[PDB]
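Have a look at the structure below before the remarks.
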Amino acid sequence: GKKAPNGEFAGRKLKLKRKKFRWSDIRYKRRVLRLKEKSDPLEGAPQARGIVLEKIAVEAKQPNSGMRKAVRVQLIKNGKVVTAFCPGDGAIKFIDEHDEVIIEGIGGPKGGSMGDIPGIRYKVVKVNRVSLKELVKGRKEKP
Amino acid sequence: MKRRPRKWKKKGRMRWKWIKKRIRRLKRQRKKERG
Amino acid sequence: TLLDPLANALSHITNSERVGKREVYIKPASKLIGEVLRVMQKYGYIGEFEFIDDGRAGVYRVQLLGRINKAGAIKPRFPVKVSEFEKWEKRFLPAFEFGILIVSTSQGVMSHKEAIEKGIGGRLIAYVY
Amino acid sequence: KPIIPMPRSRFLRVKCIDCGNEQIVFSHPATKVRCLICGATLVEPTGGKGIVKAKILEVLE
Amino acid sequence: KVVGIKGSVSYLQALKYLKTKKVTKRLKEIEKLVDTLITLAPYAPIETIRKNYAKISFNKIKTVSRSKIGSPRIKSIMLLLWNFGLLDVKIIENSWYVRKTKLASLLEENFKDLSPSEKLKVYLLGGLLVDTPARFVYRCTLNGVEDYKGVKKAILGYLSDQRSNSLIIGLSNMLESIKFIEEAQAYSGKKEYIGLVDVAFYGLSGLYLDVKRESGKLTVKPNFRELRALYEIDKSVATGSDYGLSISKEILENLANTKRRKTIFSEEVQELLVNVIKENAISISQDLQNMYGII
Amino acid sequence: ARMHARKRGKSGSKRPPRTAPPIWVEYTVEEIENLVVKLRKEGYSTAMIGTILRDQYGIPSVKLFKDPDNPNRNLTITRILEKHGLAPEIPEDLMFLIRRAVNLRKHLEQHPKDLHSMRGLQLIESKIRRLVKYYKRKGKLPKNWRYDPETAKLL
RNA sequence: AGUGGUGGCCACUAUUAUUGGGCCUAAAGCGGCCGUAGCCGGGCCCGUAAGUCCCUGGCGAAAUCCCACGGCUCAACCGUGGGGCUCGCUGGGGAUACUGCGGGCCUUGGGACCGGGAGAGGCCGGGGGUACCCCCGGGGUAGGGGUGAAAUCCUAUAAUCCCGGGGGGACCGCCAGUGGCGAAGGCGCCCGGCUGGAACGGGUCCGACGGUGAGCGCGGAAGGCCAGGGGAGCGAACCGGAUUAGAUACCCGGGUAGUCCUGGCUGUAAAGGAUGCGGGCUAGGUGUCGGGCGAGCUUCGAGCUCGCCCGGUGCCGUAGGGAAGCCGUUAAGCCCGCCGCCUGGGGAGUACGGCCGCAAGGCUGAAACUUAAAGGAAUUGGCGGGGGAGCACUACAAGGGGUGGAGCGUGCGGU
RNA sequence: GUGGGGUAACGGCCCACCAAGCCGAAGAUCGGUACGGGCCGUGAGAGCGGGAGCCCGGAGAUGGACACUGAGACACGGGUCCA
């Protein structure tokens with residue numbers, strides 16, 4: 001029937017109902033219990049400093065065909081290990097074994113894996129404190 | 001058991017009755033292993 | 001079960017005039033209904049309105065001039081002071097000073113325009129445009 | 001459906017056959033209308049109007 | 001095994017509120033339930049059973065609300081009443097056969113016009129005063145028992161003490177209940193099964209005890225203030241064996257430490273309870289011999 | 001007739017919008033009181049008393065007569081019974097439900113397997129309890145008074 | 001002299017809906033009913049003035065914010081002046097329209113009574129029907145049964161089949177419906193006994209006793225379970241015969257639990273109208289059911305025909321609504337009340353925990369991670385061991401010629 | 001609650017007795033989380049979010065515990081003890 005309660009002395013229920021059903025929301029639940037801030041390997045950090053362990057590539061989702069290069073990074077901060085996509089043309093050669101590297105989220109939908117490559121969450125920015133974009137452009141030199 | 005009628009559409013999925021039987025089987029064996 | 005004569009009456013009026021009848025009879029007649037019926041007729045929305053002594057609760061007879069677009073009773077009796085009145089005009093009326101609202105102030109049921117110069121607050125009762 | 005509900009039932013001023021008792025009776029009785037003096041039945045309460053058995057003299061509203 | 005009462009584990013907590021004057025709906029329910037049970041069971045004296053006993057129809061037990069009570073609840077209260085020697089109950093294929101004991105019909109008669117709380121309290125105390133498994137548990141507590149292990153060791157010793165023939169059957173049931181529920185109360189946090197030691201600790205919780213649940217355990221603790229009053233009552237009417245369980249020096253001194261508490265009931269009730277069992281100690285004791293004892 | 005059945009049937013009845021008693025009536029206000037007390041001492045309730053008055057005596061309504069003993073209250077058969085030590089302490093309407101409940105309870109005692117009648121009981125006792133609560137609010141019943149089936153047997 | 005990437009917050013979003021969302025088909029009304037708190041409540045009079053409103057005293061610091069002026073080029077910034085908050089508090093005066101509180105009055109709502117009439121309304125006893133199975137006797141040879149075919153299977157110690165007797169359990173066909181009744185599940189042989197309810201007509205009685213319903217209580221299809229009985233047919237499991245590449249199936253022949261009675265548990269379903277309940281308003285047409293009424297017919301039995309009013313029960317349909325399918329007074333249209341539920345898909349109705357149950361299970365119920373759709377109505381083709389109609393020789397019906405048998409030519413598959 | 005103690009000061013703050021009270025479904029207790037406010041960000045606004053940066057109030061000197069001296073402290077550049 002009519003959306004209820006509409007009473008002038010119905011503040012308690014009109015408030016309780018809204019508070020209850022605000023839990024049916026998912027983003028609010030995600031924030032107030034901060035479980036984004038409990039599941040995170042990066043602990044709410046848009047950057048992190050890690051060591052590379054081995055270079056791996058993955059197959060693009062169909063119908064996209066190719067080889068997407070990336071590496072495996074254990075994190076010096078806490079110790080968790082995650083994949084790290086490497087952008088740039090032939091940039092896998094620039095990134096070597098056992099490299100101090102700077103890694104950051106890849107900005108996909110909801111922060112998920114970007115575009116046509118699955119699983120991955122992060123991309124590399126600086127390798128040994130040197131920005132990778134210029135090294136793709138060749139303007140700078142790794143130490 | 002709570003349900004959702006939306007599952008009963010057989011597009012790409014087993015008939016729901018058999019799935020609901022199998023899940024019962026798994027729950028049975030698991031509780032038996034615990035006790 | 002019946003709960004509020006006034007909103008039922010205003011819905012009756014509006015629904016009866018959407019099809020566009022001429023004479024409308026409202027069954028649950030009360031004093032406040034008459035005080036309401038005074039106001040808009042004073043603005044010429046309705047024609048004659050009168051009371052018929054039924055014997056149980058009285059009936060109200062109204063002739064419709066085909067002037068009102070929508071006439072409804074705001075239920076939750078919002079108390080409103082003077083200086084903030086505009087905040088409600090944007091909620092029930094289609095344009096600047098289009099239509100009216102009914103308030104039950106300390107001095108009785110009466111139109112909202114006449115209350116601005118009389119300088120009286122009160123609880124919103126209904127509206128029509 | 002009228003604006004105001006009127007009562008369909010009437011009352012009847014009735015003169016009895018035997019003892020000539022004059023009485024006022026309801027048009028829709030629920031029990032058997034017994035005369036005061038002779039006691040004979042006058043009106044029979046049916047599903048609708050009661051079946052008068054004496055002679056009507058005058059209807060009353 | 002013998003009593004697998006499941007799904008009413010916490011239904012017996014409410015007795016502790018009988019220690020104070022707190023009144024709850026649950027305690028009211030217990031009161032009316034126990035009154036109805038006692039009323040149903042007749043005081044008649046395998047053929048005796050189902051001839052001068054009373055079959056219990058679970059679905060026919062209703063509150064004054066025209067609402068039923070859970071079968072485990074009725075089972076728990078009946079089993080408790082038996083544990084306090086107040087009702088003779090027997091288990092056959094899908095039927096519980098009850099009968100009023102001799103302590104019952106006397107505690108019933110002498111206190112016909114007390115409060116429901118007073119009636120229940122005197123019932124428990126009268127049961128405790130005589131040689132009942134509840135009395136054994138109370139003695140175990142006096143020895144400092146606060147666990148199932150302590151009471152099981154105590155009863156093992158007593159049964160092995162060559163003078164256990166007066167209550168051998170009931171204590172065997174106690175040991176049985178301890179068995180197959182030790183896991184629930186010690187090795188699995190989830191208990192979902194109340195043993196006879198547990199219902200024994202309850203009831204004492206309704207007089208002088210408090211119980212704490214710890215991952216199945218039923219840790220026990222009395223209070224000396226209240227313990228003093230009925231300790232004095234017991235030594236005043238010593239119609240019950242020690243079972244070869246000495247009072248601990250610690251509990252002894254702590255009872256000596258505290259000040260005198262109120263005498264639970266009015267002194268008229270105290271003396272009535274004293275004299276009723278004093279004058280009929282032999283009959284109730286031999287009835288208990290018949291009930292729990294071999295011969 | 002919708003509290004339980006929720007069926008909107010209207011077997012109700014219609015009264016004319018009459019303020020004054022009809023001219024054609026001959027009985028004065030004093031005679032109606034005598035007639036109603038005569039019927040009541042026989043043991044007739046106010047409802048059936050009224051039916052008889054309208055049926056054979058042909059009086060439309062006692063409520064159309066104004067109380068000689070009070071200028072601002074219409075005369076009612078119940079008030080007339082009260083005027084002469086005949087009004088019932090338990091109002092008729094609830095007394096009838098009490099007796100119906102008792103007799104039905106006997107029937108259920110004899111017939112445990114009729115659950116339809118069980119539900120009929122379950123609703124008519126809710127009616128009794130609702131009116132008891134109402135009268136407690138109004139005060140016509142004692143505050144301590146509470147229907148009990150064993151006591152209802154006495155009534 | 002900025003510019004890009006990333007992470008957190010608001011808007012975008014009426015995807016948090018007080019303003020302002022939905023719940024027939026897309027996630028989303030619990031199977032049903034009762035009922036406490038709470039919430040929402042009929043008309044009139046009198047009083048009170050708590051809320052409500054107007055005036056006024058004290059008070060909410062500074063800082064920030066709005067505006068004029070002035071100073072630093074101007075600006076920002078600063079001052080002079082006027083204004084604003086959570087201003088939620090408090091002193092006093094004034095009003096009585098609505099709510100609240102007290103007293104009085106009145107029936108429309110609701111409840112109560114009475115008269116005939118309707119209904120698979122429930123429980124209990126008695127009577128009885130048809131069919132089916134078993135047993136006995138008579139007759140009868142030579143089979144029966146079953147399928148696409150058969151087979152298993154019964155049968156000559158007389159089967160199937162016909163007649164005459166005995167026992168047994170289950171169910172009460174047609175009438176029967178778009179019918180009725182019930183809160184829902186559900187309810188049908190006849191009679192008798194008890195019992196509930198509604199509708200109609202009469203207010204004849206109480207005087208708002210009302211609606212909703214968190215918590216609570218209740219009964220509630222099949223199936224399963226506990227204890228005892230019972231078991232004609234049917235038939236989970238199981239056992240055979242068949243079919244098939246494969247048969248655990250569909251088909252056939254047997255067959256235990258079950259299905260039936262007594263006591264109790266289980267609380268379940270596409271329990272679907274996939275539509276929570278109360279009131280009022282909004283074109284109409286159209287039949288039956290119940291009750292009432294007005295006429296006419298009436299062998300005078302509401303027995304029969306036409307109109308009207310009420311209640312329930314379909315279809316069509318004006319406007320209107322909706323994404324449409326469709327709904328459209330028995331609303332999915334417009335207002336007035338209350339509770340439940342819903343917030344992309346999957347994991348998942350899962351894990352853990354709690355409560356209930358004898359058990360199986362029931363009532364509650366997440367997260368990690370992954371994905372760009374899932375999903376709904378509806379248009380056009382395509383296709384159907386779907387239907388209907390029409391055709392037909394690169395098709396068949398009837399008829400005739402002839403290849404594949406032998407070799408050779410012609411080009412081809414393969415060396 | 002009675003009658004007392006110590007306090008600069010009233011108060012179970014503390015003591016002896018007396019009695020069973022107090023709180024909770026309008027959410028006690030328990031747990032999670034967190035200095036409160038003037039204010040700030042966004043937004044047409046209803047509103048949502050935040051409280052570090054300037055002012056007021058609250059609290060703390062590694063965790064803990066304790067005195068003296070002083071009108072003012074259990075005292076950052078005074079003192080004593082454990083880790």
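We number each residue from 1, going along the chain as drawn.
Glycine residues also receive a Cβ, built from the backbone N, Cα and C atoms like all the rest.
The zinc finger feature in Swiss-Prot is assigned to D:16-38; the stated evidence is sequence analysis. Annotated Zn(2+) binding site per Swiss-Prot: D:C16, D:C19, D:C35, D:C38, in sequence order.
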Near the Cβ of D:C35 (Zn(2+) binding site), how many other Cβ atoms are there if near means within 10 Å?
19
Far apart in sequence but close in space: which same-chain residues, 6 or more away, have a Cβ under 8 Å from D:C19 (Zn(2+) binding site)?
D:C35, D:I37, D:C38
Starting from each candidate's C-beta and looking 10 angstroms out, tell me which of the binding-site residues D:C16, D:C38 has the most other C-beta atoms.
D:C16
Other residues with Cβ within 8 Å of the Cβ centroid of D:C16, D:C19, D:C35, D:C38 at the Zn(2+) site?
D:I17, D:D18, D:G20, D:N21, D:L36, D:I37, D:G39, D:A40, D:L42
Kindly assign D:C19 (Zn(2+) binding site) to one of the three DSSP-derived states: helix, strand or coil.
coil
